[PDB]
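Protein chains in written order, with the working numbering: chain H, 1 to 405; chain D, 406 to 935.
Next up, the structure:
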């Protein structure tokens with residue numbers, strides 16, 4: 001059940017495609033998964049692969065609430081290597097009274113895919129304990145989580161969708177990977193109404209954010225009244241760190257205010273030149289966070305740190321001129337079991353929603369872990385809601401830990 | 406691609422007969438005059454028979470374009486069955502015709518009296534030749550032939566490895582036999598014949614170089630033989646046997662023996678035993694002999710992984726079940742010579758490896774038993790978190806040795822009353838580098854040692870401490886040393902080992918960091934090293 005023009009699609013090199021090995025899956029996940037895939041080869045949305053096909057892409061499954069299982073595909077590697085329109089990111093979306101987000105996903109099943117490119121969408125289905133070779137599969141529908149599907153979808157339903165935006169221009173509509181973002185300032189009633197209308201439009205209201213309650217975290221530089229030598233060496237290192245990207249900061253006056261007996265327990269009394277220099281740095285750092293400094297031509301980054309136990313702090317920011325765009329916490333939550341990698345995943349998803357609502361894109365996530373600890377916490381975990389964040393592995397550095405706290 | 410190797414005159418007398426006996430039945434033909442490629446043909450004499458002609462095909466198995474059989478089925482993942490059959494699909498590639506547009510790269514020259522004339526070139530037409538690259542032609546087509554039978558019969562446990570099918574069931578002998586005949590029928594209807602003489606059906610089973618018994622499996626082929634003039638063929642067979650035994654036993658390395666394999670890929674050429682890759686082969690030799698036996702997984706029982714500890718640079722573990730104490734498999738996690746890991750961290754890494762293996766083989770995660778107090782685990786390496794960690798929720802056992810907390814550092818609130826130190830090193834003029842320390846009390850000294858700037862900056866450390874009290878405050882301008890200290894290692898290499906070795910003696914250290922080269926009180930005077 002699909003006939004509509006095939007948006008033809010090209011690799012950045014037909015020779016260089018995704019060769020990624022499949023994750024280990026539980027008994028339960030293989031059961032649910034082979035059920036899903038077998039059904040979708042009945043309906044024709046998937047088909048068996050060519051015996052000389054060298055590509056693969058990982059698949060996994062999650063327990064969508066109600067226990068009904070769901071198949072997700074990690075298209076991270078393929079997405080980089082293809083990139084062959086749109087409905088653009090509305091500036092007003094981030095200042096709407098409410099913004100409902102809706103999964104489409106299913107409509108993709110009704111849309112064909114370029115069969116000269118589908119060979120690269122291949123994914124292996126494994127069996128428990130390698131009892132047989134994996135059963136390989138290439139795609140026939142628009143695959144969910146694919147990079148070029150929001151385009152091929154939006155251009156395929158262009159003729160029915162853009163009517164509904166030129167009418168009702170009080171709504172700000174956007175689409176990221178497979179989710180549609182409906183933002184409005186109407187009352188809860190008529191908002192629910194129009195979102196219902198648009199749901200039945202793509203039949204051819206689950207999650208709802210209110211991005212005002214999103215604070216700014218308002219970083220602070222604590223200044224003790226009766227300091228010790230060590231409290232001021234921390235103070236010094238921290239401000240020397242700030243001066244690497246903030247102009248007109250100095251640690252000289254307090255540098256020689258720290259002169260005397262050199263036991264870390266020795267006190268100092270506050271001079272006036274150093275106390276004022278300290279104040280200059282303090283108000284220089286509080287006001288540092290500025291989203292208005294975003295540069296759409298540079299890469300966007302989000303860096304995480306474990307600021308003591310049970311709590312991740314992150315900064316979404318940009319490089320060569322280091323400009324912090326916003327900050328954020330994510331505290332381990334009480335009842336459920338949770339390791340630090342899980343708080344990092346949760347944080348990554350919170351960053352994902354914020355960044356999509358404001359910039360319209362996702363940052364690169366810089367996480368202080370190893371490829372082995374991460375990527376083993378995801379293969380068999382709960383807390384995994386979406387395709388995994390694309391991750392850069394960084395070394396823990398004390399200046400950044402002290403900065404984000 | 407490759408040049409036909411020298412071949413003993415009494416091998417072609419007996420290999421031309423196999424090649425001629427093969428072009429007669431048609432499995433080969435003559436290549437083309439223009440066929441530029443080649444592959445060597447070797448001849449080994451199987452004990453008490455005729456000469457088995459074995460072709461390499463290792464070179465071209467890379468230019469014959471790629472594909473994508475995701476590991477091995479592990480016999481501990483089989484469960485105990487009242488009835489077991491092992492079908493062998495003989496006629497492996499032997500009659501099954503081969504793609505003619507890939508058929509040219511099949512070329513192999515053959516000697517007459519080793520160049521009494523020019524070489525007789527041949528090309529494999531009918532068979533894929535019993536080569537190694539059956540998994541392409543074999544596994545995914547067999548899998549789709551028998552997958553309907555698999556879905557039809559959930560009461561059976563089927564396992565397809567290269568040319569063995571394994572069928573395990575709890576039906577009676579008669580119903581089981583009938584079903585095995587059902588699948589044999591299905592196989593013949595698609596071309597795959599199962600000869601009655603290679604069937605197993607009987608008390609011990611050969612299966613991927615394992616031996617399956619009712620309660621127990623073990624490594625096939627209970628004796629490793631070390632030849633004193635090792636040709637590379639015999640060596641490769643030794644690496645295969647070792648790799649099979651490596652699924653049951655841990656800690657069996659192939660690396661010095663694979664290093665001992667090198668260029669001159671002739672499988673009747675030889676090597677000479679390097680010293681390390683004889684100790685590997687002898688260690689594996691005694692491990693394999695005096696056999697071990699392991700169990701099958703019991704889905705009706707809790708699964709366990711127990712970490713045991715001896716030596717500070719290795720964590721051993723067993724995946725096993727309880728109340729007969731059935732052991733499913735063993736494994737090791739070794740220390741990293743460069744990294745700043747302590748033993749808690751090696752335990753964590755072992756948990757990662759176990760989680761992977763268990764999920765592949767069993768389909769679930771075991772309960773983790775580790776020898777440590779809840780204190781030395783919840784605090785160490787999950788609450789002193791340089792970098793982050795995915796532990797499970799865990800059962801702590803008390804064993805012969807346990808994992809203890811890393812170090813004696815007291816993080817918050819630098820120690821009241823002990824004298825602060827300051828310390829620095831490096832500043833390479835030329836070869837000359839130095840190291841030194843100063844304290845709030847007058848004490849001070851310079852070392853003026855050899856090394857690099859980094860080793861000079863750690864060698865700076867250990868001299869505040871060798872010359873220090875039992876309590877301390879160290880402050881340094883090195884991000885390297887402060888970083889390692891924040892990972893909390895409990896054993897390292899080199900001079901770092903000695904600094905770790907002085908942290909033995911002391912009761913309370915507090916180390917901290919301040920920016921170097923900003924003229925900070927304390928750092929500045931110790932910078933005077935040049």
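Using N, Cα and C, we set each Cβ at its ideal position, and we do this for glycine too.
Answer yes or no: do residue i and residue j have a C-beta to C-beta separation smaller than 8 Å?
i, j, result
"residue 634 (chain D)", "residue 576 (chain D)", "no"
"residue 804 (chain D)", "residue 714 (chain D)", "yes"
"residue 469 (chain D)", "residue 507 (chain D)", "yes"
"residue 712 (chain D)", "residue 776 (chain D)", "yes"
"residue 811 (chain D)", "residue 893 (chain D)", "yes"
"residue 366 (chain H)", "residue 324 (chain H)", "no"
"residue 638 (chain D)", "residue 662 (chain D)", "no"
"residue 388 (chain H)", "residue 301 (chain H)", "no"
"residue 444 (chain D)", "residue 512 (chain D)", "yes"
"residue 245 (chain H)", "residue 304 (chain H)", "no"
"residue 59 (chain H)", "residue 33 (chain H)", "yes"
"residue 101 (chain H)", "residue 181 (chain H)", "yes"
"residue 229 (chain H)", "residue 262 (chain H)", "yes"
"residue 139 (chain H)", "residue 118 (chain H)", "yes"
"residue 828 (chain D)", "residue 866 (chain D)", "yes"
By the criterion of Cβ-Cβ separation under 9 Å, what are the contact partners of residue i in chain H?
i, result
"residue 878 (chain D)", "230, 263, 264 and 265"
"residue 479 (chain D)", "129 and 130"
"residue 511 (chain D)", "Neighbours of residue 511 (chain D) on chain H: none; closest Cβ ~18 Å, over 9 Å."
Take residue i as the anchor and find which of the options has the nearest alpha-carbon.
i, options, result
"residue 211 (chain H)", "H:229, H:221, H:183 and H:235", "H:183"
"residue 476 (chain D)", "H:298, H:24 and H:328", "H:24"
"residue 342 (chain H)", "D:772, D:797 and D:812", "D:797"
"residue 130 (chain H)", "D:570, D:531, D:527 and D:510", "D:570"
"residue 403 (chain H)", "H:104, H:62 and H:328", "H:328"
"residue 737 (chain D)", "D:729, D:719 and D:725", "D:719"
"residue 251 (chain H)", "D:606, D:922 and D:935", "D:922"
"residue 209 (chain H)", "H:358, H:36 and H:154", "H:358"
"residue 848 (chain D)", "D:810, D:855, D:774 and D:930", "D:930"
"residue 830 (chain D)", "D:642, D:857 and D:806", "D:857"
"residue 778 (chain D)", "D:749, D:758 and D:603", "D:749"
"residue 820 (chain D)", "D:591, D:863 and D:915", "D:915"
"residue 406 (chain H)", "H:231, H:74 and H:55", "Nothing can be reported for residue 406 (chain H), as the shown portion of chain H is limited to 1 through 405."
"residue 351 (chain H)", "H:315, H:333 and H:338", "H:315"
"residue 340 (chain H)", "H:49, H:381 and H:326", "H:381"
What residues of chain H sit near residue i, judged by a beta carbon separation below 7 Å?
i, result
"residue 474 (chain D)", "133"
"residue 770 (chain D)", "380"
"residue 705 (chain D)", "Under the 7 Å cutoff, chain H gives no residues; its nearest Cβ is about 14 Å from residue 705 (chain D)."
"residue 544 (chain D)", "133"
At a CB-CB cut-off below 8 Å, which residues of chain H make contact with residue i?
i, result
"residue 503 (chain D)", "Per Cβ cutoff of 8 Å: no residues; residue 503 (chain D) is ~14 Å from chain H at best."
"residue 785 (chain D)", "By Cβ distance, chain H contributes nothing, its closest Cβ being about 12 Å from residue 785 (chain D), past 8 Å."
"residue 788 (chain D)", "309"
"residue 541 (chain D)", "51"
"residue 923 (chain D)", "236, 240, 251 and 255"
With 8 Å set as the bound, which would you pick, yes or no: does the beta-carbon of residue i sit closer than that to a beta-carbon of chain B?
i, result
"residue 425 (chain D)", "Protein chains H and D are contained in the structure displayed, whereas chain B is not."
Strictly below 8 Å CB to CB, what residues from chain D border residue i?
i, result
"residue 341 (chain H)", "793, 794 and 795"
"residue 237 (chain H)", "918, 919 and 920"
"residue 426 (chain H)", "Shown here, chain H extends from 1 to 405; a query on residue 426 (chain H) therefore has no answer."
Are there 16 or more other CB atoms within 10 angstroms of the CB of residue i, so buried, or fewer, so exposed?
i, result
"residue 448 (chain D)", "buried"
"residue 45 (chain H)", "buried"
"residue 135 (chain H)", "buried"
"residue 267 (chain H)", "exposed"
"residue 872 (chain D)", "exposed"
"residue 885 (chain D)", "exposed"
"residue 290 (chain H)", "exposed"
"residue 143 (chain H)", "buried"
Under 7 Å Cβ-Cβ, which residues of chain D neighbour residue i?
i, result
"residue 306 (chain H)", "790 and 793"
List in chain order: all unbroken beta strand (DSSP E) runs of 3+ residues lying wholly within the stretch 192 to 226 of chain H.
207 to 209
In chain order, each beta strand (DSSP E) run of at least 3 residues that lies wholly inside the stretch 47 to 99 of chain H:
59 to 63 and 69 to 73
Tell me the start and end of each unbroken alpha helix (DSSP H) in the stretch 345 to 394 of chain H that is at least 4 residues and wholly inside, in chain order.
none
Alpha helix (DSSP H) segments (min. 4 residues) lying fully within the stretch 289 to 356 of chain H
none
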